[PDB]
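Just the one chain here, the form deposited in one PDB entry, laid out as structure tokens.
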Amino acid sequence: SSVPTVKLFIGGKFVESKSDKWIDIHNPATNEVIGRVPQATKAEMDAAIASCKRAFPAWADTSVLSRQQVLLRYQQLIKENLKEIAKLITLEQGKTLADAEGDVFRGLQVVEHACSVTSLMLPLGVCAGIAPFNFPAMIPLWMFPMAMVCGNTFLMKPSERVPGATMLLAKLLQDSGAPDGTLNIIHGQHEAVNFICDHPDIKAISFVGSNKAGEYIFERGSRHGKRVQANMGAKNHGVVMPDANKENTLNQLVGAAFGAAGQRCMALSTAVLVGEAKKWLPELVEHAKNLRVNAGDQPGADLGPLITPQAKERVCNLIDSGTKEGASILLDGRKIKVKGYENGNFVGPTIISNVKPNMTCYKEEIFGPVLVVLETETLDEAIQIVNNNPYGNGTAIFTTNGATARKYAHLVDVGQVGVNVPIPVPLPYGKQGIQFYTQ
């Protein structure tokens, strides 16, 4: 009768959480309760830490070759259960099937890359990864393989509001024949983050979520002696030059901005229509309207709903504030009415114009199906505008001039630059993960 309760993988076995609190998780396409995620109590977290500590020596003594073979078996199991992970992601987040396939494929690629550490290879001890509360980012497949192959135990803190997607990964891991107790999964809220940061045994912490929470976790770990490699997915700015393919550029902008409800980290929400590119706004709005707003499981689901109704309320408030500041809303998704899924948190494609740095929308990470366009007079102005924002991870430029692309790539301080590509390196791990999880 009652919705199913998730059982945390602690001590090498899935055990029912005895906590009193149970955060109700609702399907974002219809706001129907699908499961409850429990807040890990002090006793459960202590038991998970003890399990990780007891599993650390065995997994460490395990030769690097054995760990690599175990990770290969896990990758094979993922390949077999790929559709299961896709369905889980589509159900929890309402994300389009194709986007779930892409996410699981990227996770598989990251796992296989982690497997290539055969010759590059001591472990630190117990490690933990903190996931964002926005969407079921595939951070487990991104970080857990590195800590594993390096010889460390991992305590993954996934997005409590989407536990099944991660629980299935731990199930497949246990099926991979790995030592029982190496991986532990705990859920909850800021309390669990505080616990993880305070505990001394944990040596490393990972976070890719919001800038505020990322800086908080970084400072807390530094004070409590933890190496944190937080890579928060801050805003992304795209400079659109006139000498570029209009149709392809517009399609890429629409997809990267509203794809998966624009909830992904590298969502290109911000754009810059420099050099008479302003004329492309009508076609952009037309392409946005052409997106089939529908549940991620049904066909024609170019963009899905928001993770939670609170997210929809936040997006509506942000759009209202932007409109109050004099920003013309050329496209309004607040009044979207999806047939058959009205109860869902669906928010149609939203486009904001004449936004400037003074606008709140520019100073706030929307993390939704909203796009903001800016205008400049020269390439140098766009470069300066992009540099002025300290919260930036990746940027893209669309142009057919080699000198323009060179100048943009060089003079721009962003670490990741894209030429004719909306989202370069969509992963934000990597080579530095070895040095991170080792010493």
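In this text, rigid core is short for the largest set of C-alphas that superpose within 1.5 Å between two forms. One rule holds for the numbers: they count along the sequence shown, beginning at 1.
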Notebook entry, point to check: Which fits the stretch between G12 and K13: none, 1 to 3, 4 to 9, or 10 or more deposited residues lacking coordinates?
Noted result: none
Notebook entry, point to check: Are any deposited residues left out of the model between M121 and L122, and how many (none, 1 to 3, 4 to 9, 10 or more)?
Noted result: 10 or more
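Another form, the form deposited in another entry, is not on view; read the next lines as being about it.
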Next item on the list: Overlay on the rigid core first, then point out the one of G344, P136, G296, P369 whose CA is displaced 2 Å or more between this form and the one not shown.
Entry: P136
Notebook entry, point to check: Which way does the C-alpha gap of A137 and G348 go in the other form, closer or farther, given it changes by 3 angstroms or more?
Noted result: farther
Note to self: Closer or farther: how do the Cα atoms of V386 and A137 compare in the other form versus the shown form, where the change is at least 3 Å?
What the structure shows: farther
